[PDB]
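Asks: Shown below is the structure under consideration.
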Amino acid sequence: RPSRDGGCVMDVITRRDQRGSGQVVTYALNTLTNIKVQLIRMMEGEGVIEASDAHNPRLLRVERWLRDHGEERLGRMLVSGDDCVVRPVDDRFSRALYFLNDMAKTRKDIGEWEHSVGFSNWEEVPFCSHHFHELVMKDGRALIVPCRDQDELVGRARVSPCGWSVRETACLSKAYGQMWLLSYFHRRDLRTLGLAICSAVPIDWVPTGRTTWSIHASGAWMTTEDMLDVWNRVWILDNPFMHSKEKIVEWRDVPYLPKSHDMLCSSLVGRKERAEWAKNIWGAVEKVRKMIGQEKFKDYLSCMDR
Amino acid sequence: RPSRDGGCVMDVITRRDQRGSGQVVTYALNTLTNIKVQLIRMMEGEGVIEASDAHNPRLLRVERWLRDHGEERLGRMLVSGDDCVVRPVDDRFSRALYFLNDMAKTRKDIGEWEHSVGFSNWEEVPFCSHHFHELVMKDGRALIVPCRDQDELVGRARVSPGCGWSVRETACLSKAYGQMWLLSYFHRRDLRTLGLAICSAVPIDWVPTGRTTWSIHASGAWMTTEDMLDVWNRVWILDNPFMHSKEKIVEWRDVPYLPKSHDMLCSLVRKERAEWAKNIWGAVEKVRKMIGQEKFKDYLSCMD
Ligand SMILES: [Zn+2]
Ligand SMILES: [Zn+2]
């Protein structure tokens with residue numbers, strides 16, 4: 001806290017409730033606790049409990065439901081810390097707000113007693129800051145890829161952690177670029193931009209730095225291995241949903257979202273801006289190389305049949 | 001020698017002179033004594049010896065010449081085995097054919113007493129199956145690159161030691177050829193293309209094998225699975241004693257080309273070397289399909 005004399009004081013405060021966000025087991029506990037919250041909301045909406053039970057609860061009623069349906073309701077939801085995706089037995093769940101509000105888990109950006117709005121297309125359900133789309137490759141195999149706002153992902157990469165030398169900041173960028181190639185290869189702008197970053201940063205500069213805070217980060221991109229090679233590793237070889245394990249040989253064979261989706265998730269695809277950026281992008285790459293010096297560079301941008 | 005019975009007999013024969021080509025020291029002996037032939041032939045053209053000396057040798061005249069001139073004349077010539085380049089002190093050397101002929105060293109493709117034909121232009125002189133041209137790079141540094149007829153260069157690559165030979169082994173051999181062309185004939189447009197294409201069609205793990213040339217001047221440096229640019233910078237810049245500035249070159253796009261006309265005037269850059277070069281990716285893809293499920297990279301595309 002700022003002191004009234006030009007310097008800084010540190011207060012010492014206490015309290016009982018709330019979760020410290022940097023406890024060793026915040027993720028686990030928040031998951032378990034939020035599972036419980038959703039499991040209760042399920043009960044209210046099915047009819048197992050009602051506002052009466054806030055006063056004198058019908059405990060045998062909830063314990064039967066768990067004995068008889070708990071295991072099944074558990075598999076109806078994805079819960080990661082404080083985020084969920086819930087697929088209830090029917091949409092009474094929308095109106096089921098009593099025990100949710102009573103437990104204090106007040107929903108974001110909606111009236112306290114306003115019905116919850118749902119989705120019938122899973123490709124529109126948000127989870128862990130992403131949406132997920134299904135792509136079919138040139139060989140007929142399906143991918144389901146995580147998508148995100150292009151401007152949100154570039155913008156975090158433009159933020160520097162000062163005192164970071166030209167090498168340390170180049171390495172941080174390779175981290176972002178490598179990651180974009182694992183997870184957002186299906187975004188034209190980002191494949192281009194990540195391929196350019198890898199063509200502008202030395203081959204043997206190992207990447208460093210935090211690219212995401214999600215606990216679903218592989219970090220599999222903080223290697224200096226070939227990025228296609230790691231792609232096949234995660235999307236095909238180690239992917240438990242890929243029955244056929246035939247590796248893909250060139251980036252020209254890794255799919256893209258449909259162009260409509262690209263633009264709609266805030267792609268520059270279309271404008272004279274993106275068009276002229278894509279043209280003159282090697283000039284940018286050469287500047288970064290000259291900035292960095294006599295090191296070993298390789299050319300990954302051109303392997304876009306360009 | 002074939003026998004008259006449907007088989008083959010093996011003759012044991014002897015003789016005194018000539019050189020066994022396989023002897024451990026053919027190169028050094030054929031080199032040393034061809035130095036001597038040419039040192040002699042210099043002497044005749046210079047007036048040190050005449051035909052008269054075949055009978056009455058004026059030894060002190062030749063001993064004087066070696067003493068007063070040997071070390072200088074030694075540097076006037078390049079001698080590899082039976083091949084030479086002589087820069088004599090003047091053009092009398094072209095008629096100096098006695099002794100050259102008396103020593104039995106007959107000249108190929110010329111009348112026994114017909115004057116030799118010389119070259120004013122060092123870039124037009126043949127040595128070790130090559131001409132040598134001077135190239136300036138974009139950064140102003142100069143190279144002197146070896147050159148050889150493309151068709152002879154490719155034709156030797158396009159032939160194989162034999163059947164009973166795998167697809168993997170025949171691939172590996174092709175890598176060795178293509179990677180060598182990248183070291184030494186990168187300045188040829190077609191060879192640069194065909195060399196990169198080969199490198200794009202053959203697995204990155206496959207080490208090259210076989211002999212791409214017999215020359216006693218082949219670095220051998222190409223039978224690696226190192227980056228070819230990485231070796232190119234080594235041999236043409238880092239380890240090149242003739243290279244004062246050692247800034248490394250970053251991309252094939254920066255390695256120069258013969259002047260366009262020398263390229264076409266040295267055997268395809270023609271209507272058909274447009275169809276070929278345009279659709280060469282189809283070729284690479286076919287080859288990768290034959291080879292199957294290995295790790296290929298794309299080196300042709302770093303050519304634009
Ligand atoms: Zn999306
Ligand atoms: Zn030439």
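As shown in the structure tokens, the chain order sets the letters A, B, ...; within each chain, residues go from 1, and ligands are also counted from 1 in the order they appear.
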When the cut-off is 8 Å and you count only C-alpha atoms and all ligand atoms, which residues lie near ligand 2, shown as a short mmCIF file (atom, residue, chain, number, x, y, z; two decimals) with N, CA, C and O atoms, in the first residue's frame?
Replies:
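Contents of part-v3.cif, as written:
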data_model
loop_
_atom_site.label_atom_id
_atom_site.label_comp_id
_atom_site.auth_asym_id
_atom_site.auth_seq_id
_atom_site.Cartn_x
_atom_site.Cartn_y
_atom_site.Cartn_z
N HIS B 130 37.72 -29.92 -65.09
CA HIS B 130 36.95 -28.75 -64.75
C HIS B 130 37.51 -27.52 -65.44
O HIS B 130 38.69 -27.46 -65.75
N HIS B 131 36.64 -26.55 -65.67
CA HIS B 131 37.06 -25.18 -65.85
C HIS B 131 36.85 -24.46 -64.53
O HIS B 131 36.30 -25.02 -63.59
N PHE B 132 37.36 -23.24 -64.41
CA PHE B 132 37.18 -22.52 -63.15
C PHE B 132 36.79 -21.09 -63.47
O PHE B 132 37.45 -20.43 -64.27
N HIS B 133 35.70 -20.63 -62.88
CA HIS B 133 35.19 -19.30 -63.14
C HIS B 133 35.19 -18.50 -61.86
O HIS B 133 35.15 -19.07 -60.76
N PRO B 146 34.48 -24.37 -59.32
CA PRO B 146 34.76 -25.33 -60.38
C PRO B 146 33.52 -25.60 -61.19
O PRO B 146 32.40 -25.56 -60.68
N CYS B 147 33.73 -25.88 -62.46
CA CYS B 147 32.64 -26.10 -63.40
C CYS B 147 32.94 -27.31 -64.26
O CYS B 147 34.09 -27.63 -64.55
N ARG B 148 31.89 -28.00 -64.67
CA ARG B 148 32.01 -29.21 -65.47
C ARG B 148 30.70 -29.34 -66.21
O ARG B 148 29.69 -28.80 -65.76
N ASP B 149 30.73 -30.04 -67.33
CA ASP B 149 29.54 -30.18 -68.15
C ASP B 149 28.41 -30.83 -67.38
O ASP B 149 28.54 -31.97 -66.90
N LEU B 258 26.42 -18.75 -61.75
CA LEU B 258 27.17 -18.34 -62.93
C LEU B 258 26.39 -17.23 -63.62
O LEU B 258 25.16 -17.18 -63.52
N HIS B 262 26.85 -18.14 -69.38
CA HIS B 262 27.79 -19.22 -69.12
C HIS B 262 27.05 -20.51 -68.74
O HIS B 262 27.47 -21.61 -69.14
N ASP B 263 25.94 -20.39 -67.99
CA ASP B 263 25.14 -21.55 -67.54
C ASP B 263 24.53 -22.30 -68.72
O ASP B 263 24.68 -23.53 -68.83
N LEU B 265 25.50 -21.90 -71.80
CA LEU B 265 26.62 -22.19 -72.71
C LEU B 265 27.62 -23.10 -72.03
O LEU B 265 28.83 -22.84 -72.07
N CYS B 266 27.16 -24.16 -71.36
CA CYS B 266 28.02 -25.07 -70.59
C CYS B 266 27.15 -26.29 -70.32
O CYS B 266 27.25 -26.95 -69.27
#
Asks: Report as CSV: every residue of chain A with an atom at most 6 Å from ligand 1, its closest pair of atoms, and their distance in Å to one decimal, counting only C-alpha atoms and all ligand atoms, with rows sorted by chain and ascending residue number.
Replies:
residue,atom,partner,partner_atom_place_in_ligand_line,distance
A:131,CA,ligand 1,1 (Zn),5.7
A:147,CA,ligand 1,1 (Zn),4.1
A:148,CA,ligand 1,1 (Zn),5.3
A:265,CA,ligand 1,1 (Zn),5.3
Asks: Could you please take those selected residues and save C-alpha atoms as a PDB file, in the first residue's frame?
Replies:
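File produced: result38.pdb:
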ATOM      1  CA  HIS A 131     -13.993 -23.042 -28.167  1.00  0.00           C
ATOM      2  CA  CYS A 147      -9.638 -21.948 -30.818  1.00  0.00           C
ATOM      3  CA  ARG A 148      -9.399 -18.485 -29.242  1.00  0.00           C
ATOM      4  CA  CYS A 265     -12.797 -15.273 -34.584  1.00  0.00           C
TER       5      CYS A 265
END
Asks: Which polymer residues have any atom within 8 Å of an atom of residue 297 of chain B, counting only C-alpha atoms, with same-chain residues fewer than 6 positions away left out, as a VMD selection string?
Replies: (chain A and resid 249 to 250) or (chain B and resid 200 203 to 204)
Asks: Residues of chain A were defined as contacting chain B if any atom lay at most 12 Å from it, counting only C-alpha atoms; please report them as a ChimeraX atom specification.
Replies: /A:199-200,202,226,228-229,232,245-252,282,286,289-290,293-306
Asks: Could you save the residues just selected, with N, CA, C and O atoms, as a compact mmCIF listing (two decimals), in the first residue's frame?
Replies:
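Result file part-v5.txt:
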# COMPACT_ATOMS: atom_id res chain seq x y z
N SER A 199 11.38 -18.38 -38.09
CA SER A 199 12.39 -18.10 -39.10
C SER A 199 13.26 -16.93 -38.73
O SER A 199 14.25 -16.68 -39.42
N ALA A 200 12.90 -16.19 -37.68
CA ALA A 200 13.63 -15.01 -37.28
C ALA A 200 14.41 -15.20 -36.00
O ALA A 200 15.19 -14.32 -35.65
N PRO A 202 17.10 -17.71 -33.78
CA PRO A 202 18.10 -18.77 -34.05
C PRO A 202 17.60 -20.18 -33.76
O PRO A 202 16.82 -20.42 -32.85
N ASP A 226 11.88 -30.12 -34.04
CA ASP A 226 11.10 -29.60 -35.18
C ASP A 226 9.62 -29.42 -34.80
O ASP A 226 9.01 -30.28 -34.15
N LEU A 228 6.85 -29.36 -36.69
CA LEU A 228 6.07 -30.44 -37.28
C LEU A 228 6.27 -31.74 -36.54
O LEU A 228 5.34 -32.53 -36.39
N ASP A 229 7.48 -32.01 -36.11
CA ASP A 229 7.66 -33.30 -35.49
C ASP A 229 6.89 -33.37 -34.19
O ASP A 229 6.29 -34.40 -33.89
N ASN A 232 3.05 -33.97 -35.07
CA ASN A 232 2.70 -35.39 -35.21
C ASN A 232 2.71 -36.11 -33.87
O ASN A 232 1.90 -37.01 -33.65
N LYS A 245 -2.20 -44.06 -37.30
CA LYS A 245 -1.03 -43.31 -36.86
C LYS A 245 -0.09 -42.89 -37.99
O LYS A 245 1.11 -42.74 -37.77
N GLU A 246 -0.61 -42.68 -39.20
CA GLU A 246 0.25 -42.25 -40.30
C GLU A 246 0.65 -40.79 -40.07
O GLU A 246 -0.22 -39.92 -39.93
N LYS A 247 1.96 -40.51 -40.02
CA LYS A 247 2.43 -39.15 -39.79
C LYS A 247 2.19 -38.25 -41.00
O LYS A 247 2.07 -38.70 -42.14
N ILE A 248 2.09 -36.97 -40.76
CA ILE A 248 1.95 -35.99 -41.82
C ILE A 248 3.31 -35.40 -42.11
O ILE A 248 4.07 -35.14 -41.17
N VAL A 249 3.59 -35.14 -43.39
CA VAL A 249 4.94 -34.82 -43.84
C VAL A 249 5.21 -33.33 -44.00
O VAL A 249 6.34 -32.88 -43.77
N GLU A 250 4.22 -32.53 -44.38
CA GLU A 250 4.49 -31.11 -44.53
C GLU A 250 3.34 -30.24 -44.03
O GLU A 250 2.19 -30.67 -44.01
N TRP A 251 3.67 -29.01 -43.63
CA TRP A 251 2.66 -28.09 -43.12
C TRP A 251 1.55 -27.85 -44.11
O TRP A 251 0.46 -27.44 -43.71
N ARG A 252 1.80 -28.05 -45.40
CA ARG A 252 0.75 -27.89 -46.40
C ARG A 252 -0.38 -28.90 -46.22
O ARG A 252 -1.45 -28.69 -46.78
N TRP A 282 8.61 -10.98 -44.92
CA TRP A 282 10.01 -11.40 -44.86
C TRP A 282 10.90 -10.22 -44.52
O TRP A 282 11.89 -10.39 -43.79
N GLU A 286 13.86 -10.43 -41.77
CA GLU A 286 15.26 -10.08 -41.97
C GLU A 286 15.73 -9.02 -40.98
O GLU A 286 16.84 -9.09 -40.47
N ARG A 289 16.57 -10.71 -37.78
CA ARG A 289 17.83 -11.44 -37.93
C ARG A 289 19.01 -10.50 -37.81
O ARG A 289 19.93 -10.72 -37.02
N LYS A 290 19.00 -9.43 -38.62
CA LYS A 290 20.03 -8.41 -38.54
C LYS A 290 20.13 -7.86 -37.12
O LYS A 290 21.23 -7.72 -36.57
N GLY A 293 21.98 -10.82 -35.19
CA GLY A 293 23.38 -11.04 -35.46
C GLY A 293 23.71 -12.26 -36.27
O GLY A 293 22.88 -12.79 -37.02
N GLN A 294 24.96 -12.71 -36.15
CA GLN A 294 25.47 -13.80 -36.98
C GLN A 294 25.16 -15.09 -36.24
O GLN A 294 25.97 -15.62 -35.49
N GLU A 295 23.94 -15.59 -36.44
CA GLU A 295 23.51 -16.83 -35.82
C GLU A 295 22.94 -17.77 -36.88
O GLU A 295 22.86 -17.42 -38.06
N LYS A 296 22.56 -18.99 -36.49
CA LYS A 296 22.05 -19.94 -37.48
C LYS A 296 20.53 -19.83 -37.58
O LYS A 296 19.81 -20.14 -36.62
N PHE A 297 20.05 -19.38 -38.73
CA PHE A 297 18.63 -19.24 -39.00
C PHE A 297 18.20 -20.28 -40.02
O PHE A 297 19.01 -20.77 -40.81
N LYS A 298 16.93 -20.62 -40.03
CA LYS A 298 16.42 -21.51 -41.06
C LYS A 298 15.12 -20.90 -41.60
O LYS A 298 14.55 -19.97 -41.03
N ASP A 299 14.66 -21.38 -42.74
CA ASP A 299 13.54 -20.75 -43.43
C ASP A 299 12.28 -21.62 -43.38
O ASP A 299 12.03 -22.46 -44.25
N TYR A 300 11.43 -21.35 -42.38
CA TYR A 300 10.17 -22.06 -42.23
C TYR A 300 8.99 -21.36 -42.88
O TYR A 300 7.97 -22.00 -43.13
N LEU A 301 9.09 -20.07 -43.16
CA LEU A 301 7.97 -19.39 -43.78
C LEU A 301 7.73 -19.94 -45.17
O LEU A 301 6.58 -20.15 -45.57
N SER A 302 8.79 -20.22 -45.92
CA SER A 302 8.63 -20.59 -47.33
C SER A 302 8.00 -21.95 -47.51
O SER A 302 7.48 -22.24 -48.60
N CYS A 303 8.03 -22.78 -46.48
CA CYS A 303 7.45 -24.10 -46.61
C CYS A 303 5.94 -23.98 -46.44
O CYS A 303 5.27 -24.88 -45.92
N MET A 304 5.39 -22.86 -46.88
CA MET A 304 3.96 -22.70 -47.09
C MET A 304 3.65 -22.68 -48.59
O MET A 304 2.75 -21.98 -49.05
N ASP A 305 4.40 -23.50 -49.36
CA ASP A 305 4.50 -23.42 -50.83
C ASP A 305 4.57 -21.95 -51.28
O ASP A 305 3.79 -21.49 -52.12
N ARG A 306 5.50 -21.21 -50.68
CA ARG A 306 5.64 -19.77 -50.94
C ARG A 306 7.12 -19.37 -51.09
O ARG A 306 7.84 -19.88 -51.97
Asks: Could you list, as a CSV table (one decimal) with C-alpha atoms, in the first residue's frame, every residue within 10 Å of residue 62 of chain B, counting only C-alpha atoms and ignoring same-chain residues fewer than 5 positions away?
Replies:
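What follows is the written file result_16.csv:
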chain,number,residue,atom,x,y,z
B,40,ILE,CA,62.0,-31.0,-69.5
B,43,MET,CA,63.7,-26.6,-71.2
B,44,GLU,CA,63.4,-27.5,-74.8
B,48,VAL,CA,68.2,-25.1,-72.9
B,49,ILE,CA,68.1,-28.3,-74.9
B,57,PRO,CA,73.5,-34.3,-73.9
B,67,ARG,CA,70.2,-24.3,-60.4
B,68,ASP,CA,69.3,-20.8,-61.6
B,70,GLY,CA,64.3,-24.7,-61.0
Asks: Which neighbours of segment 104-116 of chain A fall inside 8 Å, counting only C-alpha atoms, when residues of the same chain fewer than 2 positions from it are skipped, and could you give them as a list in words?
Replies: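 Near segment 104-116 of chain A, the qualifying residues are residues 93, 94, 95, 97, 100, 101, 102 and 118 of chain A.
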Asks: Please list as a ChimeraX atom specification every residue within 9 Å of residue 114 of chain B, counting only C-alpha atoms and excluding residues in the same chain fewer than 3 positions away.
Replies: /B:94-95,97,110-111
